[PDB]
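Chemist: Before I ask anything, here is the structure I am working with.
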Amino acid sequence: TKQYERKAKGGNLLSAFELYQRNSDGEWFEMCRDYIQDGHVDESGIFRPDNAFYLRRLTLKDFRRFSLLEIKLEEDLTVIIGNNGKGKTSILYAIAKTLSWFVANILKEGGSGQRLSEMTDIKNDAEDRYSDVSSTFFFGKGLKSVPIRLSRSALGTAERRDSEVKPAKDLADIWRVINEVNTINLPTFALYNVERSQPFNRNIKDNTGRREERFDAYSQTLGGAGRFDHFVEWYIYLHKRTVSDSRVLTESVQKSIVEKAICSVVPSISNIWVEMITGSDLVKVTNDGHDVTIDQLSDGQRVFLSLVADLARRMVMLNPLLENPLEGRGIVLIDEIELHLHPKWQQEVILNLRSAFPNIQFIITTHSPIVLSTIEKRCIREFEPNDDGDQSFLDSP
Amino acid sequence: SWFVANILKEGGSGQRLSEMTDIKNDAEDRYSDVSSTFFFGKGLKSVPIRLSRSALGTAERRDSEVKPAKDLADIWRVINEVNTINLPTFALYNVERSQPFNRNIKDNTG
Amino acid sequence: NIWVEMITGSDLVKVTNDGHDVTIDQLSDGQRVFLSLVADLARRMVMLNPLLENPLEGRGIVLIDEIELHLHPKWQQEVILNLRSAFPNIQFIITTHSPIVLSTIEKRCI
Amino acid sequence: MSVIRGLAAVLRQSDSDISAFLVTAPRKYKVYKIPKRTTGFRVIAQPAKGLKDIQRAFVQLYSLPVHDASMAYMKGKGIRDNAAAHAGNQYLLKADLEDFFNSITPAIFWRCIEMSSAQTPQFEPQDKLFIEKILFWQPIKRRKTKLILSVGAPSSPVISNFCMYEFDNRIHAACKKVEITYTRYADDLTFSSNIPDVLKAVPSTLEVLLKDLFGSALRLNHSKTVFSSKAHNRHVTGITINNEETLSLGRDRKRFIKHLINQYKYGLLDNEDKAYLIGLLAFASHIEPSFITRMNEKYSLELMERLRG
RNA sequence: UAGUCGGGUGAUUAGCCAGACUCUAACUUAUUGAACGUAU
Ligand SMILES: Nc1ncnc2c1ncn2[C@@H]1O[C@H](COP(=O)(O)OP(=O)(O)OP(=O)(O)O)[C@@H](O)[C@H]1O
Ligand SMILES: [Mg+2]
């Protein structure tokens, strides 16, 4: 026993929670809660937490077209460049499956994550017929490393490889158990790919779940396209209450925060509201100085609005104790950032997002040169024109 | 439903409770249970079962308990494949039984 | 190259793509979409003109929106000439917002 | 000549009782759990009393070759010798192996004893039955064909050094031609040099040589390769190297030792922490002996000789 | 710029004072067994 006390008094996180559970079965509870909550306001008026959370390194062995590969990532922004057939989508697919083991263990004790397919993800001519993926995360000077591995063997072979997932369960239990006694702010995870472009209709609703309770924010968050049909239903619920005229916020404040972010980021929308005088409920916007319903917008306009609106709702529900909810921790993945955008909008998208969301880590890809024209040179990674699965490390220009 | 599934095939699974309809709206325990007990003569006088569920985001979890029910259904299935026996019946008739009759019985299958 | 093959008592399609052999579900999105346009248009003309020495020399009208979708800069520079070389007698109406595509077309057509 | 007479003579017992006991020498083990320093358990198995005596006796009758670059489980040497050899070089590399003990089986041993570059001893063909029943563990009761080498048994260290003999022999001779230094502990590999862009090639060379000697049986753990230089932290088997090219206990451990002496000055310390403090000072004297000369200056020699055992 | 090494005060695992260094590039670990340092 004395060994845990000599570690805990030195500032180690995992030894403090071990004493709390063993002795509860109040000195050790406050050490756990303060490590998660401490921070200060900088000279520009932005809140910054004492302990950050992010990904440091990735590695791949006999996976799709790669024999062996390594890559190192930046704490703020990273951008990948190339042509058709070079592996850009296949990298984001490997990261997204790894994050699913955290989300499953915040919702339920002893939950289950996603798998690799034994039919299509193994390399076609590899002699040993199995594949592996490996990662490493950071969470401040209380614990400087957290490792994970996923693996699988080809269809019809006689010997099976195993995964190693326990270190992810150990961290996710601290966030789940401390939050039930007292309250804390929680992290965000999301993926957007090319399945975002789709048509819109009004005759639709879900009879599963409730759209006003805190844990709905994690529902279908790694699926590839956001549930914009849940945003409309939630925004109408806020209206019907506020019309009847600690640190939690009232529906009147929550409604005001979201409307300001939408008008600030999208170049050509200037106001939005709900109305219901005719017998039914509708959403209206002002666009080029004219007045329209959402179904009259062009595809380039609807796609950009749909992305910005869904992220803001999740940020506001998960951080109930901050003064400005858009400043919490998290990780976000986006593929093909210029889909449907005119060349005058393409050259300025990235810097608006980094202004509106100051503490998130972004990972992004593209195949056009105009988007880079304002970025610094330590944020960029690029493939060889000469490669055929030989390049074993990705590098800057 | 747990007896019927185990007579037909090895392993198998029954039905389960629903998290958004069946749990009482304001109970501070945040979980719900249903419990039963059967009899099968002087040599096997008690067989208990429990079904359970709980709300999402809690510190702990509740599971079901069903092993004593699987054990009895395996005896009926294993003995019958060696030498034939009689088997039990289970049924439910609801208010939905009153509906019209379709005279075109053209459908055929083997 | 492209051909039909049989494995495990089932038929399936193979292609050779930049040096290696694959199934259709392994291609990138910029490769699939471009294949899907050309394969559909060729069938319909082969079925409709049975009495020409080359079925693809018949007549008609075709509409296309957003030619630049999923293509990188070196391909979107040249796609128009390859289509017009393969279907000599069709009338085309086309739309775009990228000025690279225009860099090989005469001023009357715009 | 034969092992059974040799054991019976050295143990001073009748030889029929040796052959009667050895029939089921596998399965004579006890199993238990020990805690990790952060959270969780490690699982250990140890051979039953009396089977220990046969193992200690066997390693008297025979001897096997060992290369100079090995640093563990050998007499006279220790971890300070391993740390001292790299202390002059400004660049560093490290690597590791999967499942080092459990990966060894009788088929590996009987190949290595035969194909050797060195003077292995001869044996009677019929003694192989008794040799296998002395050296290996059967973990699963029904799968009677599984035999593996346990970490908890007195004979295992020697056998684990012998199996590496040709790997150490070749890689050291290769590094000497290019100005690179090599040493190996139980299962750590360490490389260093004083010129740039030479260390980048090495990981590829190891992976070829491993499959050439062992085939599928042992492999490199890809998740643990690390590079460092004079611009970042450097350590070897728990010992730190400073920018003045000398060995160190590190600032954080020095400051923690100062606190415990200050508790003793005012009589606040108690018997458990007093015993622990004496054990640390006995260790610290071997690695950084100039530290004690400063401690009996900041505190009186009078107080220091009272604390000392 | 920011990281990393550590001589000195300091009821001392904190804070503060002084002086140094850069190959894309450290993350402190396990007994009752084996080897080593110190008692007995
Ligand atoms: N199992 C496999 N074995 C070998 N090659 C494969 C395998 N699976 C896919 N490929 C190769 O993967 C490449 C496409 O990879 P991916 O779709 O990730 O690249 P991408 O072009 O950058 O994607 P995108 O631009 O749409 O984001 C193709 O060249 C294809 O031949
Ligand atoms: Mg000991």
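Each chain in the structure tokens gets a letter, A, B, ..., in the order shown, and its residues are numbered from 1; ligands are numbered from 1 in order too.
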Residues up to 10 Å from ligand 2, counting only C-alpha atoms (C1' of nucleotides) and all ligand atoms: could you list those as a list in words?
Modeler: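 Every residue with an atom at most 10 Å from ligand 2 is listed here: residues 31, 32 and 33 of chain E.
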Chemist: Kindly save the residues from that selection, with C-alpha atoms (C1' of nucleotides) included, as a PDB file, in the first residue's frame.
Modeler:
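File produced: out32.pdb:
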```pdb
ATOM      1  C1'   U E  31       9.006 -11.982  -6.631  1.00  0.00           C
ATOM      2  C1'   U E  32       9.373 -15.839  -2.721  1.00  0.00           C
ATOM      3  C1'   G E  33      13.722 -17.062  -8.815  1.00  0.00           C
TER       4        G E  33
END
```
Chemist: Tell me as a list in words which residues belonging to chain D come within 6 Å of chain E, counting only C-alpha atoms (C1' of nucleotides).
Modeler: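 Taken together, these residues fit the definition: residues 73, 78, 152, 196, 227, 231, 232, 242, 243, 256, 259, 282 and 283 of chain D.
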Chemist: Include C-alpha atoms and write out the residues we just selected as a PDB file, in the first residue's frame.
Modeler:
```pdb
ATOM      1  CA  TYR D  73      22.807 -13.203 -15.081  1.00  0.00           C
ATOM      2  CA  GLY D  78      26.181  -5.685 -13.333  1.00  0.00           C
ATOM      3  CA  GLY D 152      10.597 -18.772 -12.505  1.00  0.00           C
ATOM      4  CA  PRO D 196      25.382  11.269 -38.180  1.00  0.00           C
ATOM      5  CA  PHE D 227      15.579   7.471 -31.362  1.00  0.00           C
ATOM      6  CA  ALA D 231      18.879  17.658 -27.274  1.00  0.00           C
ATOM      7  CA  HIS D 232      16.449  15.353 -25.296  1.00  0.00           C
ATOM      8  CA  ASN D 242      23.882  14.036 -18.301  1.00  0.00           C
ATOM      9  CA  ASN D 243      25.252  16.637 -20.810  1.00  0.00           C
ATOM     10  CA  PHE D 256      12.900  13.576  -2.907  1.00  0.00           C
ATOM     11  CA  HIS D 259      12.956  15.882   1.995  1.00  0.00           C
ATOM     12  CA  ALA D 282      23.207   2.029   0.410  1.00  0.00           C
ATOM     13  CA  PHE D 283      22.285   1.847  -3.335  1.00  0.00           C
TER      14      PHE D 283
END
```
Chemist: Report as a count of residues only the set of chain A residues whose atoms approach chain D to within 9 Å, with distances computed over only C-alpha atoms.
Modeler: 9
Chemist: Hey, which residues come within 10 Å of ligand 1 if we count only C-alpha atoms (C1' of nucleotides) and all ligand atoms? Could you give them as number ranges by chain?
Modeler: A: 62-67, 80-93, 119-126, 193-194, 335-336, 365-367, 388-389; C: 16-32, 70-72
Chemist: What's the 12 Å shell around region 26-35 of chain A, counting only C-alpha atoms (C1' of nucleotides), without same-chain residues fewer than 6 positions away, as an mmCIF file with C-alpha atoms, in the first residue's frame?
Modeler:
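The resulting file, around-v9.cif, is reproduced below:
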```cif
data_model
loop_
_atom_site.group_PDB
_atom_site.id
_atom_site.type_symbol
_atom_site.label_atom_id
_atom_site.label_comp_id
_atom_site.auth_asym_id
_atom_site.auth_seq_id
_atom_site.Cartn_x
_atom_site.Cartn_y
_atom_site.Cartn_z
ATOM 1 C CA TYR A 4 0.664 4.127 -3.996
ATOM 2 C CA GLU A 5 0.900 7.044 -1.513
ATOM 3 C CA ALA A 8 0.064 9.852 -5.561
ATOM 4 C CA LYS A 9 1.677 12.690 -3.505
ATOM 5 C CA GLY A 10 4.090 13.190 -6.476
ATOM 6 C CA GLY A 11 1.170 14.044 -8.881
ATOM 7 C CA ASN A 12 0.555 10.685 -10.692
ATOM 8 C CA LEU A 13 -3.153 10.311 -11.758
ATOM 9 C CA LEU A 14 -3.770 6.501 -11.841
ATOM 10 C CA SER A 15 -2.512 5.933 -8.241
ATOM 11 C CA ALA A 16 -4.978 8.507 -6.797
ATOM 12 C CA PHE A 17 -8.113 6.817 -8.273
ATOM 13 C CA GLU A 18 -6.822 3.401 -7.075
ATOM 14 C CA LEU A 19 -6.739 4.672 -3.435
ATOM 15 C CA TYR A 20 -10.203 6.306 -3.762
ATOM 16 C CA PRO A 49 -6.874 24.161 -19.533
ATOM 17 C CA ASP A 50 -3.703 23.021 -17.671
ATOM 18 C CA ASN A 51 -3.763 19.488 -19.208
ATOM 19 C CA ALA A 52 -4.227 18.972 -23.005
ATOM 20 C CA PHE A 139 -3.066 13.581 -21.329
ATOM 21 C CA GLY A 140 -0.674 15.983 -19.487
ATOM 22 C CA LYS A 141 2.281 15.275 -17.113
ATOM 23 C CA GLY A 142 0.157 12.969 -14.867
ATOM 24 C CA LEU A 143 0.318 10.257 -17.637
ATOM 25 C CA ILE A 174 -12.454 7.827 -14.537
ATOM 26 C CA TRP A 175 -14.580 10.218 -16.667
ATOM 27 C CA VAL A 177 -17.441 7.455 -12.380
ATOM 28 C CA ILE A 178 -16.410 11.002 -11.240
ATOM 29 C CA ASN A 179 -19.275 12.567 -13.277
ATOM 30 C CA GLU A 180 -22.024 10.766 -11.348
ATOM 31 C CA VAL A 181 -21.116 12.437 -8.061
ATOM 32 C CA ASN A 182 -20.801 16.138 -8.903
ATOM 33 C CA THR A 183 -20.414 17.147 -12.561
ATOM 34 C CA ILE A 184 -17.733 17.713 -15.199
ATOM 35 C CA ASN A 185 -17.272 18.832 -18.855
#
```
Chemist: Please indicate the distance in Å from CA of residue 2 (chain D) to CA of residue 129 (chain D), rounded to one decimal place.
Modeler: 12.0 Å
Chemist: Show which residues sit within 12 Å of residue 30 (chain B), as a list in words. Count only C-alpha atoms (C1' of nucleotides), and ignore same-chain residues fewer than 6 positions away.
Modeler: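 After dropping sequence-adjacent residues, the list is residues 19, 20, 22, 23, 24, 52, 53, 54, 55, 56, 57, 58, 59, 60, 61 and 62 of chain B.
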Chemist: Go ahead and save the picked residues with N, CA, C and O atoms, as a short mmCIF file (atom, residue, chain, number, x, y, z; two decimals), in the first residue's frame.
Modeler:
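Heads up, here's the output in out_11.cif:
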```cif
data_model
loop_
_atom_site.label_atom_id
_atom_site.label_comp_id
_atom_site.auth_asym_id
_atom_site.auth_seq_id
_atom_site.Cartn_x
_atom_site.Cartn_y
_atom_site.Cartn_z
N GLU B 19 -35.40 0.07 -23.13
CA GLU B 19 -34.86 1.09 -22.22
C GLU B 19 -35.65 2.41 -22.23
O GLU B 19 -35.64 3.14 -21.24
N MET B 20 -36.39 2.72 -23.30
CA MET B 20 -37.16 3.97 -23.41
C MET B 20 -38.67 3.85 -23.13
O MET B 20 -39.38 4.84 -23.25
N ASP B 22 -40.03 0.82 -20.72
CA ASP B 22 -40.39 -0.13 -19.66
C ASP B 22 -39.96 0.31 -18.26
O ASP B 22 -40.64 0.00 -17.29
N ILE B 23 -38.87 1.08 -18.14
CA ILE B 23 -38.36 1.60 -16.87
C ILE B 23 -39.27 2.73 -16.35
O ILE B 23 -39.59 3.66 -17.10
N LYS B 24 -39.68 2.67 -15.08
CA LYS B 24 -40.52 3.69 -14.43
C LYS B 24 -39.85 5.07 -14.48
O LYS B 24 -38.66 5.20 -14.20
N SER B 52 -33.49 -8.15 -16.72
CA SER B 52 -33.10 -6.83 -16.17
C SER B 52 -32.59 -5.85 -17.23
O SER B 52 -32.05 -6.26 -18.25
N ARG B 53 -32.69 -4.53 -16.97
CA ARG B 53 -32.01 -3.47 -17.74
C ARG B 53 -31.84 -2.17 -16.94
O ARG B 53 -32.54 -1.97 -15.95
N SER B 54 -30.95 -1.27 -17.37
CA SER B 54 -30.67 0.02 -16.71
C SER B 54 -30.42 1.17 -17.70
O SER B 54 -30.08 0.93 -18.86
N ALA B 55 -30.58 2.42 -17.25
CA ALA B 55 -30.37 3.63 -18.06
C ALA B 55 -28.91 3.79 -18.51
O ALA B 55 -28.00 3.31 -17.85
N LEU B 56 -28.66 4.49 -19.62
CA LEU B 56 -27.29 4.72 -20.11
C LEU B 56 -26.55 5.85 -19.36
O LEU B 56 -27.16 6.85 -18.97
N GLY B 57 -25.24 5.70 -19.15
CA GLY B 57 -24.39 6.64 -18.43
C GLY B 57 -24.21 6.39 -16.93
O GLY B 57 -23.68 7.26 -16.25
N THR B 58 -24.63 5.25 -16.38
CA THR B 58 -24.50 4.91 -14.95
C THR B 58 -23.13 4.34 -14.55
O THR B 58 -22.37 3.83 -15.38
N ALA B 59 -22.79 4.39 -13.26
CA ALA B 59 -21.56 3.83 -12.69
C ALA B 59 -21.47 2.29 -12.76
O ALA B 59 -20.36 1.76 -12.87
N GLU B 60 -22.59 1.59 -12.76
CA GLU B 60 -22.68 0.12 -12.81
C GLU B 60 -23.75 -0.36 -13.80
O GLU B 60 -24.59 0.42 -14.23
N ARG B 61 -23.74 -1.68 -14.01
CA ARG B 61 -24.68 -2.31 -14.92
C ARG B 61 -25.42 -3.54 -14.38
O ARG B 61 -24.85 -4.31 -13.64
N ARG B 62 -26.68 -3.73 -14.75
CA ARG B 62 -27.48 -4.93 -14.41
C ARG B 62 -27.59 -5.87 -15.61
O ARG B 62 -27.97 -5.42 -16.69
#
```
Chemist: Which residues come within 10 Å of residue 24 (chain E), counting only C-alpha atoms (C1' of nucleotides), excluding same-chain residues fewer than 4 positions away, as a list in words?
Modeler: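 Those residues are residues 72, 395 and 396 of chain A.
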Chemist: How about saving the chosen residues, N, CA, C and O atoms kept, as an mmCIF file, in the first residue's frame?
Modeler:
```
data_model
loop_
_atom_site.group_PDB
_atom_site.id
_atom_site.type_symbol
_atom_site.label_atom_id
_atom_site.label_comp_id
_atom_site.auth_asym_id
_atom_site.auth_seq_id
_atom_site.Cartn_x
_atom_site.Cartn_y
_atom_site.Cartn_z
ATOM 1 N N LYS A 72 4.023 11.244 -37.977
ATOM 2 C CA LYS A 72 3.988 12.073 -36.760
ATOM 3 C C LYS A 72 3.104 13.301 -36.968
ATOM 4 O O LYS A 72 3.190 13.940 -38.015
ATOM 5 N N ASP A 395 6.559 13.168 -45.144
ATOM 6 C CA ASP A 395 7.449 14.306 -44.868
ATOM 7 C C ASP A 395 6.916 15.652 -45.401
ATOM 8 O O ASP A 395 6.024 15.697 -46.249
ATOM 9 N N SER A 396 7.444 16.759 -44.875
ATOM 10 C CA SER A 396 7.088 18.142 -45.244
ATOM 11 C C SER A 396 7.854 18.672 -46.471
ATOM 12 O O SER A 396 8.962 18.211 -46.751
#
```
Chemist: Based on the backbone DSSP call, show me all residues of region 28-75 of chain C assigned alpha helix (DSSP H), as a list in words.
Modeler: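 Those in region 28-75 of chain C that DSSP calls alpha helix (DSSP H) are residues 29, 30, 31, 32, 33, 34, 35, 36, 37, 38, 39, 40, 41, 42, 43, 44, 45, 46, 47, 48, 73, 74 and 75 of chain C.
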Chemist: Using DSSP assignments from the backbone, pull out every residue in region 67-97 of chain A that falls under strand (DSSP E or B) and give it to me as a PDB file with N, CA, C and O atoms, in the first residue's frame.
Modeler:
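Final output, states.pdb:
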```pdb
ATOM      1  N   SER A  67       2.903  -1.688 -47.121  1.00  0.00           N
ATOM      2  CA  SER A  67       3.710  -2.750 -46.505  1.00  0.00           C
ATOM      3  C   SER A  67       4.150  -2.396 -45.085  1.00  0.00           C
ATOM      4  O   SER A  67       3.898  -3.161 -44.158  1.00  0.00           O
ATOM      5  N   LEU A  68       4.758  -1.219 -44.894  1.00  0.00           N
ATOM      6  CA  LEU A  68       5.084  -0.632 -43.590  1.00  0.00           C
ATOM      7  C   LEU A  68       5.104   0.902 -43.691  1.00  0.00           C
ATOM      8  O   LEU A  68       5.658   1.419 -44.656  1.00  0.00           O
ATOM      9  N   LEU A  69       4.527   1.639 -42.740  1.00  0.00           N
ATOM     10  CA  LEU A  69       4.484   3.111 -42.758  1.00  0.00           C
ATOM     11  C   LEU A  69       4.480   3.726 -41.351  1.00  0.00           C
ATOM     12  O   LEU A  69       3.847   3.181 -40.452  1.00  0.00           O
ATOM     13  N   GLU A  70       5.090   4.903 -41.184  1.00  0.00           N
ATOM     14  CA  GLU A  70       5.013   5.733 -39.970  1.00  0.00           C
ATOM     15  C   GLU A  70       4.736   7.214 -40.274  1.00  0.00           C
ATOM     16  O   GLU A  70       5.184   7.745 -41.286  1.00  0.00           O
ATOM     17  N   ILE A  71       4.012   7.899 -39.382  1.00  0.00           N
ATOM     18  CA  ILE A  71       3.688   9.328 -39.489  1.00  0.00           C
ATOM     19  C   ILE A  71       3.586   9.987 -38.101  1.00  0.00           C
ATOM     20  O   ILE A  71       3.090   9.374 -37.157  1.00  0.00           O
ATOM     21  N   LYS A  72       4.023  11.244 -37.977  1.00  0.00           N
ATOM     22  CA  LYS A  72       3.988  12.073 -36.760  1.00  0.00           C
ATOM     23  C   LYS A  72       3.104  13.301 -36.968  1.00  0.00           C
ATOM     24  O   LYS A  72       3.190  13.940 -38.015  1.00  0.00           O
ATOM     25  N   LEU A  77      -2.853  21.704 -36.090  1.00  0.00           N
ATOM     26  CA  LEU A  77      -3.391  21.449 -37.437  1.00  0.00           C
ATOM     27  C   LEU A  77      -2.468  20.539 -38.263  1.00  0.00           C
ATOM     28  O   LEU A  77      -1.254  20.659 -38.182  1.00  0.00           O
ATOM     29  N   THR A  78      -2.998  19.654 -39.111  1.00  0.00           N
ATOM     30  CA  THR A  78      -2.197  18.893 -40.092  1.00  0.00           C
ATOM     31  C   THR A  78      -2.953  18.708 -41.405  1.00  0.00           C
ATOM     32  O   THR A  78      -4.134  18.379 -41.381  1.00  0.00           O
ATOM     33  N   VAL A  79      -2.279  18.875 -42.545  1.00  0.00           N
ATOM     34  CA  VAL A  79      -2.880  18.796 -43.888  1.00  0.00           C
ATOM     35  C   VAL A  79      -2.110  17.827 -44.784  1.00  0.00           C
ATOM     36  O   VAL A  79      -0.888  17.895 -44.857  1.00  0.00           O
ATOM     37  N   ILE A  80      -2.820  16.946 -45.493  1.00  0.00           N
ATOM     38  CA  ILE A  80      -2.253  15.922 -46.390  1.00  0.00           C
ATOM     39  C   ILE A  80      -2.636  16.204 -47.850  1.00  0.00           C
ATOM     40  O   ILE A  80      -3.797  16.498 -48.124  1.00  0.00           O
ATOM     41  N   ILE A  81      -1.692  16.083 -48.791  1.00  0.00           N
ATOM     42  CA  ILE A  81      -1.852  16.439 -50.219  1.00  0.00           C
ATOM     43  C   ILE A  81      -1.463  15.294 -51.170  1.00  0.00           C
ATOM     44  O   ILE A  81      -0.418  14.675 -50.985  1.00  0.00           O
TER      45      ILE A  81
END
```
Chemist: Between CA of residue 187 (chain A) and CA of residue 219 (chain A), what is the spacing in Å?
Modeler: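 Separation of CA of residue 219 (chain A) and CA of residue 187 (chain A): 14.1 Å.
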Chemist: Leaving out residue 362 (chain A) and any residue of its chain fewer than 4 positions from it, which residues lie within 12 Å of it when counting only C-alpha atoms (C1' of nucleotides), given as a compact mmCIF listing (two decimals) with N, CA and C atoms, in the first residue's frame?
Modeler:
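Wrote selection38.txt, looks like this:
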```txt
# COMPACT_ATOMS: atom_id res chain seq x y z
N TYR A 54 -4.44 14.89 -26.92
CA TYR A 54 -4.20 14.72 -28.37
C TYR A 54 -3.43 13.44 -28.74
N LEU A 55 -3.35 13.12 -30.04
CA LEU A 55 -2.68 11.95 -30.63
C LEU A 55 -1.22 12.26 -31.04
N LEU A 73 2.28 13.66 -35.98
CA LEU A 73 1.23 14.68 -36.11
C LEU A 73 1.47 15.91 -35.22
N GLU A 74 0.97 17.07 -35.66
CA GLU A 74 1.07 18.34 -34.93
C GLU A 74 -0.07 18.53 -33.92
N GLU A 75 0.16 19.33 -32.88
CA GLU A 75 -0.81 19.56 -31.80
C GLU A 75 -2.02 20.43 -32.21
N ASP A 76 -1.89 21.29 -33.22
CA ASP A 76 -2.94 22.23 -33.66
C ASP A 76 -3.60 21.87 -35.00
N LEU A 77 -2.85 21.70 -36.09
CA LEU A 77 -3.39 21.45 -37.44
C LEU A 77 -2.47 20.54 -38.26
N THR A 78 -3.00 19.65 -39.11
CA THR A 78 -2.20 18.89 -40.09
C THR A 78 -2.95 18.71 -41.40
N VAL A 79 -2.28 18.88 -42.54
CA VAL A 79 -2.88 18.80 -43.89
C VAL A 79 -2.11 17.83 -44.78
N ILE A 80 -2.82 16.95 -45.49
CA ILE A 80 -2.25 15.92 -46.39
C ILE A 80 -2.64 16.20 -47.85
N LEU A 92 -7.74 7.99 -42.74
CA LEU A 92 -8.80 8.45 -41.85
C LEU A 92 -9.73 7.32 -41.39
N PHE A 189 -15.87 13.86 -30.22
CA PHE A 189 -15.27 13.13 -31.35
C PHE A 189 -16.23 13.08 -32.56
N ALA A 190 -15.76 13.35 -33.78
CA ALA A 190 -16.60 13.34 -34.99
C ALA A 190 -15.83 13.05 -36.30
N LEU A 191 -16.52 12.50 -37.29
CA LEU A 191 -16.03 12.20 -38.65
C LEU A 191 -17.01 12.71 -39.71
N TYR A 192 -16.53 13.42 -40.72
CA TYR A 192 -17.31 13.81 -41.91
C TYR A 192 -16.62 13.37 -43.20
N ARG A 329 -12.47 20.62 -25.13
CA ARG A 329 -11.52 19.74 -25.79
C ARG A 329 -12.16 18.75 -26.78
N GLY A 330 -11.38 18.25 -27.76
CA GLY A 330 -11.88 17.25 -28.73
C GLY A 330 -10.99 17.01 -29.95
N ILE A 331 -11.38 16.07 -30.82
CA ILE A 331 -10.70 15.72 -32.09
C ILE A 331 -11.72 15.65 -33.24
N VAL A 332 -11.42 16.23 -34.42
CA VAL A 332 -12.34 16.27 -35.58
C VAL A 332 -11.65 15.91 -36.90
N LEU A 333 -12.25 15.02 -37.71
CA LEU A 333 -11.71 14.53 -38.99
C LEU A 333 -12.60 14.96 -40.18
N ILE A 334 -12.02 15.54 -41.24
CA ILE A 334 -12.77 16.00 -42.44
C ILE A 334 -12.15 15.68 -43.80
N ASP A 335 -12.82 14.94 -44.66
CA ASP A 335 -12.30 14.53 -45.97
C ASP A 335 -12.86 15.27 -47.17
N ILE A 337 -12.38 18.89 -48.28
CA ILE A 337 -12.86 20.17 -47.74
C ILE A 337 -13.38 21.14 -48.81
N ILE A 350 -10.41 27.56 -44.03
CA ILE A 350 -9.70 26.98 -42.88
C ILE A 350 -9.50 27.99 -41.75
N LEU A 351 -9.14 29.24 -42.07
CA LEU A 351 -8.85 30.24 -41.05
C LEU A 351 -10.10 30.71 -40.29
N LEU A 353 -12.70 28.59 -39.45
CA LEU A 353 -12.93 27.50 -38.51
C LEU A 353 -11.97 27.56 -37.32
N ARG A 354 -10.67 27.80 -37.56
CA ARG A 354 -9.68 27.95 -36.48
C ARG A 354 -9.91 29.16 -35.59
N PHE A 357 -13.36 27.97 -33.30
CA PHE A 357 -13.12 26.83 -32.39
C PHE A 357 -11.64 26.74 -31.99
N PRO A 358 -11.20 27.41 -30.90
CA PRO A 358 -9.77 27.62 -30.62
C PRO A 358 -9.00 26.45 -29.97
N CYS A 379 2.90 22.47 -41.00
CA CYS A 379 1.60 21.80 -40.97
C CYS A 379 1.34 20.85 -42.15
```
Chemist: Find the distance between CA of residue 271 (chain A) and CA of residue 289 (chain A) and write it in Å to one decimal.
Modeler: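 Spanning CA of residue 271 (chain A) to CA of residue 289 (chain A) is a straight-line distance of 9.7 Å.
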